[PDB]
Amino acid sequence: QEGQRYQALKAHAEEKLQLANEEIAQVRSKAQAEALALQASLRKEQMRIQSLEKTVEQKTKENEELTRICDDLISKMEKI
Amino acid sequence: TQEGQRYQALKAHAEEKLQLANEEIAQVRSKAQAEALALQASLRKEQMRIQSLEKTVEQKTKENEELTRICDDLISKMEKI
């Protein structure tokens, strides 16, 4: 087929390419950005959990120590 | 026509190069959306997990407050009086 025909669809075809390549650049950037921001939020939650998980074992410890001390007191009072 | 044969291969070249580009866009945004759901669901799980832990903390905090106050009350009675 014709060549004047060709350069015709050619200049167009370069355009469709030149837009897919751009959005290729976009969707890769997006994906990484969305990856980063989300794996950061997670490890931030997971840490508050172990923060909270171990704030809890310490309230438990405090409950046991409070009971230890105040029951020790009670006993010595009964034994005066 | 050898001309026809030449230009048809040239268009096939440009066509395929576009298709691979279009494929790449699709795979990437396919995998992006998939990973984004698996974690943000996992995120939700942790946010819930945190709600329950925060209830537990405020629960035990009150228990220890009540326990400290009646002990303090006992101690005070023996101090000065």
Side-chain angles (χ1 to χ4, degrees), chain A residues 12-80, chain B residues 11-81:
Chain A
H12 185 70
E14 252 322 291
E15 164 170 336
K16 299 173 163 205
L17 187 59
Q18 175 147 86
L19 297 185
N21 268 321
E22 287 171 357
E23 147 173 15
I24 280 184
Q26 132 163 287
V27 298
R28 277 159 163 183
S29 181
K30 249 271 300 177
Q32 184 199 50
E34 232 187 7
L36 295 174
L38 256 47
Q39 282 158 345
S41 289
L42 181 54
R43 244 150 38 177
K44 193 179 61 56
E45 298 289 344
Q46 222 163 110
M47 85 154 183
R48 308 193 162 190
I49 293 194
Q50 166 214 42
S51 161
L52 291 174
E53 258 177 350
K54 91 131 62 193
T55 294
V56 167
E57 42 155 34
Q58 283 160 24
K59 296 304 187 187
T60 299
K61 170 179 192 206
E62 181 177 53
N63 189 280
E64 304 185 338
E65 281 315 270
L66 275 168
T67 299
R68 180 178 65 84
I69 294 179
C70 302
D71 278 16
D72 180 47
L73 178 66
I74 291 174
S75 176
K76 290 162 165 191
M77 286 177 172
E78 302 175 6
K79 296 173 175 60
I80 286 186
Chain B
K11 285 176 244 229
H13 176 269
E15 233 147 74
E16 179 72 9
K17 145 183 309 178
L18 170 70
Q19 180 69 14
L20 294 174
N22 275 328
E23 284 183 352
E24 244 292 317
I25 300 176
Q27 339 192 31
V28 159
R29 232 185 201 141
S30 172
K31 147 149 305 184
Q33 189 280 357
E35 293 177 350
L37 226 72
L39 278 189
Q40 185 178 300
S42 205
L43 195 69
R44 272 210 338 121
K45 196 230 191 189
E46 289 323 5
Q47 313 200 316
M48 285 179 154
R49 177 52 173 157
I50 281 188
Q51 272 203 320
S52 184
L53 284 173
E54 284 176 335
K55 284 163 151 172
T56 302
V57 166
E58 96 185 71
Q59 166 177 283
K60 290 184 173 300
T61 288
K62 179 143 165 303
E63 298 173 332
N64 296 7
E65 184 277 327
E66 290 179 339
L67 178 59
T68 295
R69 109 169 296 134
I70 64 175
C71 189
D72 281 334
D73 194 63
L74 175 64
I75 285 170
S76 64
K77 294 170 179 178
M78 307 288 214
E79 159 186 329
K80 326 239 156 172
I81 318 137

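Below, each value reflects all heavy atoms present in this structure, side chains not excepted, and no hydrogens, waters or symmetry copies. Below, chains carry the letters A, B, ... as their sequence lines are ordered, and counting in each starts from 1.
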Between B:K62 and B:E58, is the salt bridge (charged side-chain N to carboxylate O under 4.0 Å, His left out) condition met? List the steps. CA-CA 6 Å; B:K62 179 143 165 303; B:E58 96 185 71; over 6 Å; no
The reported gap from CD in A:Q50 to CG in B:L53 (rounded to nearest 0.5 angstrom) is 11.5 Å
Quick one: does B:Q59's side chain have a donor or acceptor within less than 3.5 Å of a partner on B:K55's backbone? no
Would you compute the distance between atom OG1 of A:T67 and atom CD of B:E63 and round it to the nearest 0.5 angstrom? 10.0 Å
Might you confirm whether atom CD of B:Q47 has over 12 heavy atoms from other residues, nucleotides or ligands at distances under 6.0 Å? yes
NZ/NE/NH1/NH2 to OD/OE distance under 4.0 Å, B:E66 and B:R69: no
Are A:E34 and A:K30 within salt-bridge range, i.e. N to O under 4.0 Å? yes
Checking the side chain of A:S29 only, and the main-chain atoms of A:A25 only, is there a donor and an acceptor separated by less than 3.5 Å? no
Short side-chain to backbone donor-acceptor contact, A:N63 and B:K60, under 3.5 Å: no
Report the C-alpha separation of A:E53 and B:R49 in whole Å, then their side-chain angles, then the decisive distance to 0.1 Å, and conclude whether the salt bridge (charged side-chain N to carboxylate O under 4.0 Å, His left out) test is met. CA-CA 10 Å; A:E53 258 177 350; B:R49 177 52 173 157; 3.6 Å; yes
Which value, rounded to the nearest 0.5 Å, describes the distance between B:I70 atom CD1 and A:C70 atom SG? 7.5 Å
Around atom CD of A:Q18, are there more than 12 heavy atoms from other residues, nucleotides or ligands closer than 6.0 Å? no
Could you list all the salt bridge (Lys or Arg N to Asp or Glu O under 4.0 Å) pairs where at least one residue sits in residues 70-80 of chain A, not counting sequence neighbours? A:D72-A:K76
Inspect the contact between A:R28 and B:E24 and indicate whether a charged nitrogen and a carboxylate oxygen are less than 4.0 angstrom apart. yes
Could you tell me which residues satisfy side chain to side chain contact (heavy atoms under 4.5 Å, CB included) with A:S41, sequence neighbours excluded, listed by chain and number? B:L43
Please report the interatomic distance CG(B:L67) to CG(A:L66), rounded to the nearest 0.5 Å. 5.0 Å
Less than 4.5 Å apart, side chain to side chain, heavy atoms only: is that true for A:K16 and A:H12? yes
A:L17 side, atom CG; B:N22 side, atom CG - distance, nearest 0.5 Å: 9.5 Å
Does some side-chain heavy atom of B:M78 sit less than 4.5 Å from a side-chain heavy atom of A:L73? no
Over all atoms of both residues, closest heavy-atom pair of A:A31 and B:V28: CB-CG1, 4.4 Å
